[PDB]
Amino acid sequence: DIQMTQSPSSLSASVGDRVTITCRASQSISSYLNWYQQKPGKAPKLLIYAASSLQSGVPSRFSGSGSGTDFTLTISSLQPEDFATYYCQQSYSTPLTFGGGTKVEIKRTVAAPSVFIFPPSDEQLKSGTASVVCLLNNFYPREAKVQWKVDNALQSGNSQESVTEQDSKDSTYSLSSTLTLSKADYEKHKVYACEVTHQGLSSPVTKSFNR
Amino acid sequence: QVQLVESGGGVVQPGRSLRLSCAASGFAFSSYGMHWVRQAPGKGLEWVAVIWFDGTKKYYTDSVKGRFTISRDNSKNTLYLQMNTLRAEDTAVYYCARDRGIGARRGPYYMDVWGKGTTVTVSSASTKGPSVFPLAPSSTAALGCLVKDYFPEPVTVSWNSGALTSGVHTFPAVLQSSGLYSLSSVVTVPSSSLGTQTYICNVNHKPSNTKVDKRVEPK
């Protein structure tokens with residue numbers, strides 16, 4: 001099998017910026033490499049085939065180069081419709097393999113998250129489960145760290161989080177983290193805290209409540 | 001006009017079977033190789049299988065060998081994927097794509113035309129409507145609704161019957177270890193507004209015919 005390593009996995013840029021994406025093959029695949037663009041909820045769209053051949057109708061600001069193991073996709077000046085995820089694909093031998101993808105996102109100024117914590121409702125507690133929610137709102141960049149502490153015990157493995165896509169009007173992100181406990185474990189403890197780390201904050205921000 | 005129309009996806013239990021169809025129009029179907037490519041939720045593209053233009057040579061990724069069968073009916077201009085012995089990891093959007101091929105042997109070259117995809121969900125969970133719990137605001141304030149323990153996707157969430165849109169963030173669903181999905185929808189409002197303004201999240205889970213209007217108040 002031929003592994004295709006794509007880098008970087010993500011990048012932020014502005015309109016008019018030049019963008020370079022790299023795909024590396026585990027062995028020589030000659031020029032049998034293709035580049036695809038994909039937007040959320042949409043099928044992939046072919047941009048370049050045979051390493052350097054533009055698919056008909058693809059704007060000329062897209063270009064591809066390389067042969068053997070090293071390949072590059074270049075957008076000479078980024079346009080608003082170019083913010084998407086890009087995939088490389090070797091077509092040299094089966095099994096056909098794709099790169100892990102490169103997500104091109106919008107560049108903006110740092111914005112710290114507004115943090116809120118939500119205790120479980122009494123309604124849910126009658127069901128036998130307690131969900132505690134921490135909301136990180138309208139921040140940039142996307143990377144943020146959330147730590148759950150119950151009576152100063154770090155919670156690990158009992159939380160899930162999801163992140164929105166960049167807001168259309170301000171390009172911020174929002175993140176929610178849900179800590180799931182049984183009702184018995186929730187009633188056994190008092191202090192519930194969500195500690196947020198972000199580059200917009202000079203030191204971690206903790207929001208908490210006492211049951 | 002070149003078209004690849006897909007169908008046949010659905011929600012099934014592990015061990016069960018599905019058959020996907022990809023009906024082509026607007027080109028010489030019998031002169032193209034055809035691929036199946038899948039994309040699990042939030043993941044990348046994974047090649048599944050290919051079939052030659054004349055239906056002779058077929059190739060598969062290792063994880064579907066002996067379970068999936070690619071085939072084509074050139075008289076109907078249709079490509080198929082018989083998916084047997086399904087596993088939870090087979091959950092993905094499945095795309096078909098044409099490949100003109102290269103060489104006298106006609107090995108894969110590039111995929112220039114794609115179907116829009118059909119969704120396959122493999123899970124031992126059964127259909128269940130969600131419970132809607134409030135995310136009450138306390139002491140610019142944030143509130144929302146926790147739409148927990150439903151299957152399958154999707155649910156829709158609006159606020160105040162569509163009349164409240166700005167400040168609203170409806171997060172992507174997460175799959176819990178129970179096999180049930182959960183998502184949260186939040187909205188920020190001015191702190192002053194809370195005393196008089198009314199706030200209701202409108203939750204609709206069509207697969208279970210569950211419709212819930214939940215009002216969110218300060219506790």
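Worth knowing before you read on, the calculation uses all heavy atoms, side chains too, and leaves out hydrogens, waters and symmetry mates. Quick note on labels: first sequence line is chain A, next is B, and so on, each numbered from 1.
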| note | If one checks every heavy atom of B/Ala142 against chain A at 4.5 Å, the contacting part turns out to be both

| query | Under a 4.5 Å heavy-atom cut-off, does chain A meet the side chain of B/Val37, its backbone, both or neither? | reply | side chain

| By a 4.5 Å heavy-atom criterion (distance strictly below it), what part of B/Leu45 contacts chain A: side chain, backbone, both, or neither? | both

| message | Can you tell me which portion of B/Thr188 sits under 4.5 Å from chain A's heavy atoms? Options are side chain, backbone, both or neither. | response | side chain

| task | Please flag which part of B/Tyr59 lies under 4.5 Å from any non-hydrogen atom of chain A: side chain, backbone, both or neither. | result | side chain

| field | Portion of B/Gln176 that has a non-hydrogen atom of chain A nearer than 4.5 angstrom | value | both

| task | Mind telling me whether A/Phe139 and A/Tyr173 have parallel, tilted or perpendicular rings, with 30° and 60° as the class edges? | result | tilted

| Picking from A/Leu46, A/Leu96, A/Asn34, which has the most non-hydrogen pairs under 4.5 angstrom with chain B? | A/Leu96

| Which answer fits A/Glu123, side chain, backbone, both or neither, if we ask what part of it has an atom under 4.5 Å from a heavy atom of chain B? | both

| query | Does atom CZ of A/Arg24 have more than 12 heavy-atom neighbours from other groups under 6.0 Å away? | reply | no

| query | With a cut-off of 6.0 Å (strictly less than), are more than 12 heavy atoms of other residues, nucleotides or ligands near NZ of A/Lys126? | reply | no

Acceptor/donor pairs from residues 56-63 of chain A side chains to any protein atom, 3.5 angstrom cut, sequence neighbours excluded:
unit_1	atom_1	unit_2	atom_2	d
A/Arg61	NE	A/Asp82	OD2	2.8
A/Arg61	NH2	A/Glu81	OE2	3.3
A/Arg61	NH2	A/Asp82	OD1	2.9
A/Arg61	NH2	A/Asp82	OD2	3.3

| query | Is the count of non-hydrogen atoms from other residues, nucleotides or ligands lying under 6.0 Å from A/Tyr92 atom OH greater than 12? | reply | no

| field | Heavy-atom proximity to chain A below 4.5 Å, by part of B/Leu183 | value | neither

| Which residues from residues 211-219 of chain B are near chain A, with near meaning under 4.5 Å between non-hydrogen atoms? | B/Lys214, B/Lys219

